[PDB]
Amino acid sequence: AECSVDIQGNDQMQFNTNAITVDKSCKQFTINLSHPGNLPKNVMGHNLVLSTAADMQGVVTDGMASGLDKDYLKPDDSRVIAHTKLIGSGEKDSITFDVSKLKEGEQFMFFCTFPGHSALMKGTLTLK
């Protein structure tokens, strides 16, 4: 199966998918994030961050408090499974992670931790 997806985050706080499926036969999986907006990352920065459903808002909350200098992620946050960098207008970033870090049956989420964004910028990730 394929083991990559391309996702965009825009100037109206939206990702271009609501749900990511990872094929259970993948060993690694790569997420190619890009920002087709025009706004700087200072006001419209996006990352794509993975965690369990339960852990998402703790990551978001602690992340908000951590500043642009830390990509709006609390340092050494063990709840984060994998993530891109935080990017602004016209940038792109890709991450490849071990799919062994995910498990069938488990409800994962992807989201952006930039202050305020998660309200809209989130979706499910499922190993299937």
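All residue numbers are counted from 1 along the displayed sequence.
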Which of 116-124 and 100-108 has higher mean CA B factor, as the PDB entry lists it: 100-108
Between the two ranges 63-71 and 25-33, the one averaging a larger CA B factor in the entry: 63-71
- prompt: From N42, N47, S51, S78, can you pick the one with the highest C-alpha B factor in the entry?
  reply: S78
- prompt: Which third of the chain does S94 land in by C-alpha B-factor: lowest, middle or highest?
  reply: middle
